[PDB]
Amino acid sequence: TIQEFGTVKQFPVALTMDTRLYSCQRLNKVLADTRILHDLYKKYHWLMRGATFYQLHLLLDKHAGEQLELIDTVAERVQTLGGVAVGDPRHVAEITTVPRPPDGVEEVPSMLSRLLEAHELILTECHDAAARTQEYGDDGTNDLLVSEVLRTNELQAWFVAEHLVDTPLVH
Amino acid sequence: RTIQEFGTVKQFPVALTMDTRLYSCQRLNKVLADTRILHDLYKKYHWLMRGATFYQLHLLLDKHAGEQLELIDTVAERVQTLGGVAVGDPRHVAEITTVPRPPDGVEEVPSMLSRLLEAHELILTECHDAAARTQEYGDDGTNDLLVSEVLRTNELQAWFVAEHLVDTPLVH
Amino acid sequence: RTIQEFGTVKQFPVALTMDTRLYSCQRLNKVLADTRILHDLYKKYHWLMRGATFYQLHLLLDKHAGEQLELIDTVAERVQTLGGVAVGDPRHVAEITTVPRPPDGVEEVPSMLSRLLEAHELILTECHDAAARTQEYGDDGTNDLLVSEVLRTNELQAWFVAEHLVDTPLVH
Amino acid sequence: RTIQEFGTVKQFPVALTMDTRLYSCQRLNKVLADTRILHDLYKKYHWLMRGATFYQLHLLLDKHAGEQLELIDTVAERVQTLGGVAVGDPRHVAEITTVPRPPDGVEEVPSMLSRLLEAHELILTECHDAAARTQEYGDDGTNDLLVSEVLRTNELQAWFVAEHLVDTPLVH
Amino acid sequence: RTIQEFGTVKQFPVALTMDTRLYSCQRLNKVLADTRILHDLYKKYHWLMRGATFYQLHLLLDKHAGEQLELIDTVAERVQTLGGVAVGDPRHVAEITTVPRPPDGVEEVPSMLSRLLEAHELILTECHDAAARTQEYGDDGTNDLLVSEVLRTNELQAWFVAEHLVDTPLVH
Amino acid sequence: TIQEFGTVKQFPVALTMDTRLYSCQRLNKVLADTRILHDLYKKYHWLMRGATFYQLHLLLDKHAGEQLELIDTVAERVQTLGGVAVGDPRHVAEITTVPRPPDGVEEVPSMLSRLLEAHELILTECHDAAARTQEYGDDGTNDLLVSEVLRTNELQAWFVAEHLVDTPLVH
Amino acid sequence: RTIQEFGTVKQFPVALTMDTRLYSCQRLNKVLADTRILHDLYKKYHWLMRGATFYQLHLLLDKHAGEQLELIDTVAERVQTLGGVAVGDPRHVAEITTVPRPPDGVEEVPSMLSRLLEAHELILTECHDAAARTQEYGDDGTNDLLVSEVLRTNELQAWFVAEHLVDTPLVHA
Amino acid sequence: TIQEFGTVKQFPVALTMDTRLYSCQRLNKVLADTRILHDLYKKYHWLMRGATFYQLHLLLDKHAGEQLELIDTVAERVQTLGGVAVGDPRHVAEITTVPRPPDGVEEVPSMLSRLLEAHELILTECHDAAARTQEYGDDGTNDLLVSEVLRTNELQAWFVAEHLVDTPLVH
Amino acid sequence: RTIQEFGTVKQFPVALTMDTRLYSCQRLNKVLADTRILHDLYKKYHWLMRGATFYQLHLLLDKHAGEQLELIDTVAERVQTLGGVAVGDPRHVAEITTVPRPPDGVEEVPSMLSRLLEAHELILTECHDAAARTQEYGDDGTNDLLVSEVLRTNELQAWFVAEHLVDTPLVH
Amino acid sequence: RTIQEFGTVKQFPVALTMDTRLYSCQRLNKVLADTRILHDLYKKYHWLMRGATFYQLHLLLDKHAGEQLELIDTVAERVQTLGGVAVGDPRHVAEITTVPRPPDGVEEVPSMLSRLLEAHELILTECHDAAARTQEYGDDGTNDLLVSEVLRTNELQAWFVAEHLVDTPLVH
Amino acid sequence: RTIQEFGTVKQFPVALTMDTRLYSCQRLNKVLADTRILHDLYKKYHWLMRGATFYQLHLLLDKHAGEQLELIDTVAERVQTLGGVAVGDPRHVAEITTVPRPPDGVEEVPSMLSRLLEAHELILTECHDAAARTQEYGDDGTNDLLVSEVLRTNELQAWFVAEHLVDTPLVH
Ligand SMILES: [Fe+3]
Ligand SMILES: [Fe+3]
Ligand SMILES: [Fe+3]
Ligand SMILES: [Fe+3]
Ligand SMILES: [Fe+3]
Ligand SMILES: [Fe+3]
Ligand SMILES: [Fe+3]
Ligand SMILES: [Fe+3]
Ligand SMILES: [Fe+3]
Ligand SMILES: [Fe+3]
Ligand SMILES: [Fe+3]
Ligand code: NA
Ligand code: NA
Ligand code: NA
């Protein structure tokens with residue numbers, strides 16, 4: 001094994017080893033939680049049912065695609081810093097704090113609430129990680145976490161949360 | 001210095017009399033003002049939407065807004081083509097339109113949809129009248145714009161909006 | 001004057017016996033006829049849809065209609081490729097199909113969805129049988145068209161439609 | 001349960017009287033039924049074509065079929081926009097259309113083309129009449145659809161098809 | 001051995017009487033000849049342009065030329081659709097057109113622009129009159145082409161060109 | 001009315017009610033001013049005339065298209081925070097401090113100046129809103145204000161201001 | 001130095017026995033050799049075409065050539081995927097194909113079309129047989145390639161070509 | 001008139017006035033003949049008839065569009081040399097040597113034959129003009145005449161001439 | 001029945017003499033035969049490639065194959081344009097080409113690349129000589145084809161291929 | 001005649017003080033000069049590349065060059081937006097930059113890669129410092145450009161380049 | 001360790017003698033150095049532009065810069081194809097080019113335009129000569145690149161630029 005998980009290599013990218021180590025630790029937690037959220041979106045894209053099936057099917061897929069891009073961008077930021085991005089999902093399972101859903105099919109409003117819980121969890125960790133990596137001098141990491149991870153999750157949580165509003169649709 | 005007053009037409013090489021062009025411009029500016037309000041109502045509701053059909057209605061309302069924005073630009077360009085002055089700032093629009101102001105906050109979903117239908121019907125009524133009158137004065141191009149673009153677009157959109165107001169079972 | 005009768009195959013350079021080609025043509029024309037009715041059921045419901053999920057189902061039904069139209073053309077061209085005659089006018093379709101005629105007017109939404117699912121199931125049942133028999137007679141290409149295109153498309157479409165019938169809460 | 005009968009219009013906020021809407025719907029349904037047969041004649045001949053100009057006619061007939069299919073959807077949506085019920089299943093189309101049924105099998109090429117032309121001319125005649133009558137009732141949008149889309153598309157298609165029947169030398 | 005003389009129409013299955021078709025062809029051919037000259041004026045000035053606004057005007061005049069070339073094809077195809085003969089070689093165009101010949105060399109910029117506007121106005125004047133008369137003879141399609149495409153295009157183009165001739169300060 | 005203007009609802013976006021409410025207040029001001037600026041650009045696209053007509057007609061339309069996207073993004077941000085985006089232009093008129101132009105056609109250089117004045121008013125409010133929202137913990141709103149609203153208006157203002165420079169064009 | 005001889009398979013991690021892979025590669029290479037000649041016949045006639053229907057046939061023959069070229073690549077890659085060696089230089093193709101060589105010069109139009117139909121029929125006969133035998137050996141993927149691509153494409157193409165040989169009136173008597 | 005037809009202005013494109021005047025004279029002749037040929041292709045695209053109508057209608061339009069591009073490139077080369085491109089078609093008529101067709105509809109094979117006579121007239125001129133312009137040092141004009149004008153017209157002549165071959169199509 | 005023998009040119013209106021066209025056809029057919037071999041060598045190696053740079057070389061060799069395939073078509077069409085007969089079946093190519101036949105199986109990677117370079121160099125030597133001779137005989141267009149397309153493409157490809165054979169350190 | 005000297009800012013309507021805009025323009029011109037050298041190094045190595053990974057590295061270096069070219073334009077425009085004067089001719093760049101000049105000829109592959117990494121590191125170091133100081137002066141837009149575009153693009157590019165320098169077994 | 005010195009050519013399989021290749025590389029590197037400066041002049045003026053025609057000239061200058069950037073890459077690749085070393089760092093460009101350095105700051109608009117015309121003429125002059133001589137030494141491909149790409153592009157761009165310097169009335 002030529003590089004252990006949790007170490008960084010000597011990289012000429014104008015950031016100290018301690019800053020790069022710290023950023024990789026923070027990014028990998030966001031990454032593990034985003035991996036789970038992408039798979040929750042795909043799970044609900046497949047398992048959806050009900051009179052709004054096609055609308056929610058399509059919405060959940062649009063969110064999964066955007067989460068997939070977040071995953072790749074965050075992982076490549078870990079590599080760019082000289083670290084090792086979390087790889088196999090059995091490792092993601094050890095790092096993440098997004099809870100495991102039931103193996104079978106939940107009620108539709110439970111599926112939506114679970115996605116929102118995951119969004120809020122990531123959003124909270126993201127605000128803190130963005131603040132701390134900035135304090136370490138890692139401007140590029142802070143910009144990634146805010147402009148991409150935080151803004152994408154906030155807009156997604158909006159689209160999902162408005163579907164849970166119980167309000168009449170016809171007079 | 002104002003180089004041209006609102007409510008006037010200039011000498012223009014477009015083979016229609018001054019009186020004809022002034023009249024078409026007055027009729028087009030009314031349709032233009034009401035359409036400006038209707039574009040903004042569709043965006044208002046695109047943003048404020050909520051409920052179990054949010055993504056469907058968010059998307060549909062945006063499709064209709066984009067179509068209204070295109071109508072704005074082509075009716076405004078028609079006014080300019082006729083040598084007139086298209087309505088500009090929305091504070092001026094406010095003085096010309098008869099589409100009522102909605103509440104500042106968030107209405108119930110069916111009220112938003114009913115308000116869009118009222119605005120459609122208002123514009124359709126004006127369009128039929130304006131198309132007949134402009135035709136009579138010989139402005140064939142304005143009549144064509146009003147019928148083929150403004151009227152037909154607003155009819156089709158009112159259909160799409162009206163169907164979502166139907167209360168009917170979705171499951172057995 | 002008729003240059004080729006319906007229900008015949010011509011001498012054709014495609015390495016299948018006349019017997020095999022005649023039989024594949026007959027089974028394809030049944031599938032083509034039921035598919036023609038299904039396409040038209042999807043367009044009928046695309047137009048006649050109403051209710052709180054209008055735009056959603058309007059779009060979904062058009063998506064399925066477009067996919068059925070492509071199946072129609074691929075199946076028809078397969079009939080021709082085997083030297084047969086594909087079913088043409090819809091009055092001939094009517095005499096071949098076993099998909100029942102819906103009411104002339106507007107059904108309840110969930111009855112429209114149930115009617116589609118019944119037409120899917122009838123086509124799927126025929127496909128399984130037609131694919132097995134044409135395979136036994138050696139028409140590998142026909143079996144591949146019927147399994148990979150007709151059967152798979154209808155199975156997936158039936159899934160999309162049947163999920164909309166599930167009566168399940170959407171909000172807490 | 002039928003929730004709307006064929007041949008009725010519902011109350012609808014499109015600024016046209018019930019009279020006008022009902023009459024436009026009847027006229028549009030007849031054009032729609034004839035167009036449905038014409039679309040299927042183009043596809044039939046797309047598949048059944050043969051002879052030294054096969055690829056060129058296979059392609060031309062498909063281009064025309066695609067244009068007819070869009071006219072069908074536009075015309076049907078216009079019926080729905082007027083609060084009417086668009087003709088759905090082709091067994092209903094068969095009861096409304098006056099375009100005759102061709103042979104089940106394969107006709108001579110010039111006869112297929114002639115049958116297309118007779119169908120176009122029937123639709124063109126219907127169109128000029130419906131256009132003039134719907135205009136008299138104030139349905140400006142229906143008139144514009146019939147003229148700018150249905151009439152002009154069928155006139156241009158008839159020209160392309162008719163030129164193929166000219167018996168004229170191709171080489172010196 | 002010419003197979004059809006210019007100025008005639010052949011018997012043609014487009015539901016319009018020979019008298020109606022012949023008249024529409026005569027009017028369309030006049031619009032065609034003028035538009036041919038106008039396209040070539042736009043190209044000449046695209047190439048011969050110069051001055052501080054060269055690139056802007058070079059692009060605008062090409063944009064207009066491209067739109068006129070499409071009008072040429074549509075109008076010519078309409079003549080053929082009606083069974084007539086569209087004007088061909090530019091030496092025949094030169095006998096029909098009333099658009100004046102420009103100098104062979106290079107005019108001042110404002111003169112090129114005024115010449116364009118004069119051509120536009122001549123076409124628009126012809127268009128209004130032909131649209132009214134073809135409509136009287138019942139040629140609904142030809143009226144729609146002349147108004148929705150020929151007239152409205154030239155109206156807008158003349159607006160874009162005319163605004164460049166306004167002498168007004170650009171800077172404080 | 002199911003939610004009053006000037007309020008925020010309970011919403012799962014991991015930000016306190018006070019921070020969200022303040023963000024929505026600042027964004028609605030930016031949004032009203034931007035709504036006027038979009039309409040100024042469209043007004044001048046149509047009313048333009050003179051020797052540079054096509055050039056300016058195209059430029060003002062490019063800028064209007066960009067402002068229209070900013071409107072939609074800022075309004076969706078208000079909604080994302082559980083707030084209510086300014087809707088009808090008669091409400092916009094009560095919030096904006098961008099002045100009303102004449103109803104008619106002004107001189108070309110006067111149109112250009114009026115656009116610049118509007119840009120400058122927006123930029124001024126943007127620098128202030130970006131600093132204050134960041135101090136309250138609303139990272140995403142700060143990023144939207146800086147990366148999108150401020151940078152777009154700075155760039156547009158440059159393009160418009162260069163057309164005002166009285167300098168020779170030929171020898 | 002040869003690093004792998006033609007007509008062998010290497011040890012390859014694709015869950016198919018050496019005997020199964022070797023047999024599929026022999027059948028695929030014959031189809032590939034015949035399809036190489038058929039591609040080149042369609043390009044030959046795309047160039048040499050003439051007559052009142054020149055542009056129609058010129059286009060149609062190119063559409064078919066492009067489809068045959070994509071079949072060649074897909075079949076060759078299948079041979080490589082099985083650890084085999086795809087037939088390379090056309091002088092080797094010459095030794096494997098059974099599609100007859102045409103005249104060097106320009107034939108009559110209906111003879112060109114007939115020669116294409118004869119080549120399709122040859123390939124279709126080989127495909128049904130190779131599909132059945134590769135399926136019996138357990139090479140599901142090879143069977144699917146031969147049926148869904150090779151067979152179906154050649155069937156459809158033969159239809160389009162064969163219809164142009166129908167002698168039938170085009171205008172009324 | 002600020003510049004007479006048949007003159008070249010002083011222009012910073014590294015070729016003598018004499019060379020430029022001669023190239024422009026040769027290009028304007030190619031251009032006038034090309035204008036007539038563009039219009040012949042459009043004429044026949046519209047007047048076409050018979051069992052191969054759609055085929056020939058499409059081919060003639062494909063060739064017309066290629067001729068239209070050659071017109072624009074050739075005219076722009078005239079301008080680039082500081083000359084004046086032939087403008088109105090009434091002027092083309094005075095320069096061209098392509099004969100006028102009947103006003104009405106000719107037989108299909110005479111249409112094609114007339115196109116070929118027009119191609120051949122242009123090809124013959126191009127070979128001569130390419131050689132003469134090269135000898136005077138106008139390398140750019142020679143490349144335009146050879147690579148664009150000559151090669152397009154040769155390929156078009158091939159596609160047109162093959163349609164005149166009287167040969168069986170069926171056995 | 002052969003209607004035109006290989007190695008002849010028919011009368012053809014391309015403004016080049018019969019002896020000129022015959023010589024250009026002969027030269028173009030030798031280029032064409034050699035290019036047909038080179039295309040098939042690129043494809044052979046695209047498939048047979050292996051080693052640590054497999055993907056990069058698989059992609060490069062396919063890019064060059066696709067460019068050679070367009071050269072073939074353009075060169076063959078040029079022979080036809082001149083009234084000649086382009087080499088067709090690969091068994092005829094085999095009789096004309098001087099590019100040697102590779103081993104039937106898999107060579108070492110650097111021998112593959114060297115064999116491509118030897119084929120390029122053969123085609124380039126022929127091309128310079130053919131471009132000079134066809135030019136002297138007045139066939140300007142054939143010279144331009146040989147230089148601008150055949151020569152330049154082969155020279156660029158040979159550079160890309162040759163750089164991969166440079167033995168040089170890649171890491172410190 | 002210079003109408004604005006290099007190293008000055010003009011009075012400009014972008015809500016930042018003259019001192020703030022002058023300082024940003026200084027820092028941005030240094031980043032700009034170094035980035036100009038870096039783009040040209042990527043293009044130099046795109047062309048000079050050789051060896052067994054030629055095509056891979058040729059493509060990667062072009063991808064990075066294109067990204068650097070876009071940063072050049074965005075940074076140069078930011079200087080202009082601030083009312084400054086962006087560095088123009090490469091002879092002025094050479095007076096400002098601190099990226100050292102490479103050999104005129106061809107270096108070993110890993111020395112090319114090392115030189116790029118040293119250039120990235122230089123730029124990255126300048127950028128962190130410029131981003132901090134411009135933010136302190138209130139130039140939020142310049143800080144955002146330096147961090148989100150210049151810094152993040154150089155950091156990602158350095159990673160891709162660095163990985164190619166790792167000596168590790170590739171085969172079994 | 002320099003693995004090839006600048007100003008040399010390596011043994012390379014491209015059918016041209018070492019002396020021929022060396023000379024073409026010399027002439028191409030001079031064109032390349034000059035073009036590198038001209039690219040940078042166009043980008044400098046794209047950024048520094050100002051005045052009433054700012055947008056039009058900003059777009060025109062960028063169009064021309066993108067065309068020069070492609071020429072740089074094609075010419076440099078031709079040097080490498082011939083086994084030479086293309087000029088890399090702009091500090092080496094500075095030692096080869098004869099296009100003078102412009103002022104560091106902002107010139108008047110007509111001065112920018114005149115300076116571009118000067119650089120185009122210098123390049124055109126060099127190009128005519130180099131095309132003649134490399135053709136004399138048998139380098140057909142290099143002559144073709146110089147004439148069809150470098151000369152023709154510079155002549156066209158000089159035309160576009162030069163027309164903006166014509167002092168001529170824009171309005172009556
Ligand atoms: Fe990636
Ligand atoms: Fe506009
Ligand atoms: Fe088809
Ligand atoms: Fe539809
Ligand atoms: Fe056309
Ligand atoms: Fe939106
Ligand atoms: Fe491949
Ligand atoms: Fe042009
Ligand atoms: Fe071809
Ligand atoms: Fe730029
Ligand atoms: Fe390159
Ligand atoms: Na569809
Ligand atoms: Na219309
Ligand atoms: Na950003």
# chains A, B, ... in the order shown; residues from 1 in each chain; ligands from 1

call {"tool": "residues_near_ligand", "arguments": {"ligand": "ligand 7", "cutoff": "9 Å", "atoms": "only C-alpha atoms and all ligand atoms", "output": "list in words"}}
result
residues 70, 73, 74, 76 and 77 of chain G; 43, 46, 47, 58, 59 and 62 of chain I

call {"tool": "residues_near_ligand", "arguments": {"ligand": "ligand 2", "cutoff": "8 Å", "atoms": "only C-alpha atoms and all ligand atoms", "output": "list in words"}}
result
residues 73, 74 and 77 of chain B; 45, 46, 57 and 61 of chain F

call {"tool": "residues_around", "arguments": {"residues": "residue 3 in chain C", "least_positions_apart": "4", "cutoff": "10 Å", "atoms": "only C-alpha atoms", "output": "ChimeraX atom specification"}}
result
/D:105-109 /G:168

call {"tool": "write_last_selection", "arguments": {"atoms": "N, CA, C and O atoms", "output": "PDB file, in the first residue's frame"}}
result
ATOM      1  N   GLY D 105     -53.641  -4.217 -49.353  1.00  0.00           N
ATOM      2  CA  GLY D 105     -52.336  -4.602 -49.884  1.00  0.00           C
ATOM      3  C   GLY D 105     -51.622  -3.443 -50.560  1.00  0.00           C
ATOM      4  O   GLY D 105     -51.849  -2.238 -50.228  1.00  0.00           O
ATOM      5  N   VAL D 106     -50.756  -3.792 -51.511  1.00  0.00           N
ATOM      6  CA  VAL D 106     -49.896  -2.824 -52.192  1.00  0.00           C
ATOM      7  C   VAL D 106     -50.448  -2.425 -53.560  1.00  0.00           C
ATOM      8  O   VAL D 106     -50.678  -3.280 -54.446  1.00  0.00           O
ATOM      9  N   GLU D 107     -50.641  -1.131 -53.740  1.00  0.00           N
ATOM     10  CA  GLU D 107     -51.089  -0.535 -54.991  1.00  0.00           C
ATOM     11  C   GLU D 107     -49.895  -0.196 -55.868  1.00  0.00           C
ATOM     12  O   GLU D 107     -48.768  -0.226 -55.399  1.00  0.00           O
ATOM     13  N   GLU D 108     -50.138   0.182 -57.134  1.00  0.00           N
ATOM     14  CA  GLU D 108     -49.088   0.658 -57.994  1.00  0.00           C
ATOM     15  C   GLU D 108     -48.609   2.002 -57.447  1.00  0.00           C
ATOM     16  O   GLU D 108     -49.410   2.739 -56.913  1.00  0.00           O
ATOM     17  N   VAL D 109     -47.335   2.322 -57.610  1.00  0.00           N
ATOM     18  CA  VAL D 109     -46.802   3.621 -57.127  1.00  0.00           C
ATOM     19  C   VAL D 109     -47.596   4.859 -57.519  1.00  0.00           C
ATOM     20  O   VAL D 109     -47.971   5.658 -56.636  1.00  0.00           O
TER      21      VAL D 109
ATOM     22  N   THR G 168     -41.507  -1.551 -61.892  1.00  0.00           N
ATOM     23  CA  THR G 168     -42.927  -1.226 -61.662  1.00  0.00           C
ATOM     24  C   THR G 168     -43.162   0.193 -62.183  1.00  0.00           C
ATOM     25  O   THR G 168     -42.249   1.007 -62.161  1.00  0.00           O
TER      26      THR G 168
END

call {"tool": "residues_around", "arguments": {"residues": "residue 140 in chain H", "least_positions_apart": "2", "cutoff": "6 Å", "atoms": "only C-alpha atoms", "output": "mmCIF file with C-alpha atoms, in the first residue's frame"}}
result
data_model
loop_
_atom_site.group_PDB
_atom_site.id
_atom_site.type_symbol
_atom_site.label_atom_id
_atom_site.label_comp_id
_atom_site.auth_asym_id
_atom_site.auth_seq_id
_atom_site.Cartn_x
_atom_site.Cartn_y
_atom_site.Cartn_z
ATOM 1 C CA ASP H 138 -1.308 36.942 -56.106
ATOM 2 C CA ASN H 142 -4.761 31.577 -57.022
ATOM 3 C CA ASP H 143 -5.501 29.384 -53.932
ATOM 4 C CA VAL K 147 -0.673 30.595 -48.760
ATOM 5 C CA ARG K 152 -5.412 34.368 -46.807
#

call {"tool": "interface_residues", "arguments": {"of": "chain I", "to": "chain H", "cutoff": "9 Å", "atoms": "only C-alpha atoms", "output": "list in words"}}
result
residues 12, 13, 14, 15, 16, 77, 78, 80, 81, 82, 83, 138, 139, 140, 141, 142, 144, 145 and 148 of chain I

call {"tool": "interface_residues", "arguments": {"of": "chain K", "to": "chain E", "cutoff": "10 Å", "atoms": "only C-alpha atoms", "output": "PyMOL selection string"}}
result
chain K and resi 51-53+55-57+59-60+110+159-172

call {"tool": "atom_distance", "arguments": {"atom1": "CA of residue 150 in chain E", "atom2": "CA of residue 25 in chain E"}}
result
15.0 Å

call {"tool": "select_by_dssp", "arguments": {"residues": "range 50-120 of chain I", "states": "alpha helix (DSSP H)", "output": "PyMOL selection string"}}
result
chain I and resi 54-81+90-96+109-120

call {"tool": "write_last_selection", "arguments": {"atoms": "C-alpha atoms", "output": "compact mmCIF listing (two decimals), in the first residue's frame"}}
result
# COMPACT_ATOMS: atom_id res chain seq x y z
CA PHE I 54 -3.13 0.99 -24.91
CA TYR I 55 -5.95 3.50 -24.57
CA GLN I 56 -3.88 6.46 -25.79
CA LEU I 57 -2.68 4.53 -28.86
CA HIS I 58 -6.08 2.91 -29.54
CA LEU I 59 -7.57 6.45 -29.69
CA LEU I 60 -4.71 7.98 -31.77
CA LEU I 61 -4.82 5.20 -34.32
CA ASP I 62 -8.57 5.50 -34.69
CA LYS I 63 -8.28 9.33 -35.18
CA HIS I 64 -5.78 8.64 -38.03
CA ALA I 65 -7.93 5.87 -39.50
CA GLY I 66 -10.96 8.20 -39.67
CA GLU I 67 -8.85 10.88 -41.43
CA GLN I 68 -7.46 8.30 -43.94
CA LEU I 69 -11.00 7.08 -44.58
CA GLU I 70 -12.05 10.61 -45.62
CA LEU I 71 -8.96 10.83 -47.88
CA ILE I 72 -10.02 7.65 -49.59
CA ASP I 73 -13.47 8.96 -50.31
CA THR I 74 -12.21 12.30 -51.56
CA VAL I 75 -9.53 10.74 -53.80
CA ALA I 76 -11.97 8.18 -55.22
CA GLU I 77 -14.53 10.92 -55.97
CA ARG I 78 -11.80 12.88 -57.72
CA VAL I 79 -11.10 9.87 -60.02
CA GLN I 80 -14.82 9.70 -60.79
CA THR I 81 -15.06 13.46 -61.31
CA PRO I 90 -9.47 -4.85 -51.88
CA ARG I 91 -8.34 -7.76 -54.07
CA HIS I 92 -7.72 -5.18 -56.84
CA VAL I 93 -6.12 -2.81 -54.31
CA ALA I 94 -3.69 -5.68 -53.58
CA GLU I 95 -2.58 -5.70 -57.23
CA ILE I 96 -1.81 -1.97 -57.38
CA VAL I 109 4.08 -2.23 -30.59
CA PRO I 110 7.12 -0.38 -31.86
CA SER I 111 7.12 -2.53 -35.09
CA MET I 112 3.47 -1.53 -35.63
CA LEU I 113 4.38 2.13 -35.36
CA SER I 114 7.44 1.74 -37.64
CA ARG I 115 5.32 -0.02 -40.24
CA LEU I 116 2.85 2.91 -40.24
CA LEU I 117 5.72 5.35 -40.71
CA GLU I 118 7.07 3.34 -43.67
CA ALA I 119 3.64 3.44 -45.28
CA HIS I 120 3.33 7.21 -44.71

call {"tool": "residues_near_ligand", "arguments": {"ligand": "ligand 1", "cutoff": "10 Å", "atoms": "only C-alpha atoms and all ligand atoms", "output": "PDB file with C-alpha atoms, in the first residue's frame"}}
result
ATOM      1  CA  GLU A  69     -20.832  16.031  -9.673  1.00  0.00           C
ATOM      2  CA  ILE A  71     -18.780  13.954  -5.207  1.00  0.00           C
ATOM      3  CA  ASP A  72     -16.280  14.094  -8.050  1.00  0.00           C
ATOM      4  CA  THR A  73     -15.308  17.723  -7.455  1.00  0.00           C
ATOM      5  CA  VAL A  74     -14.799  17.178  -3.649  1.00  0.00           C
ATOM      6  CA  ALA A  75     -12.821  13.948  -4.219  1.00  0.00           C
ATOM      7  CA  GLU A  76     -10.604  15.643  -6.763  1.00  0.00           C
TER       8      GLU A  76
END
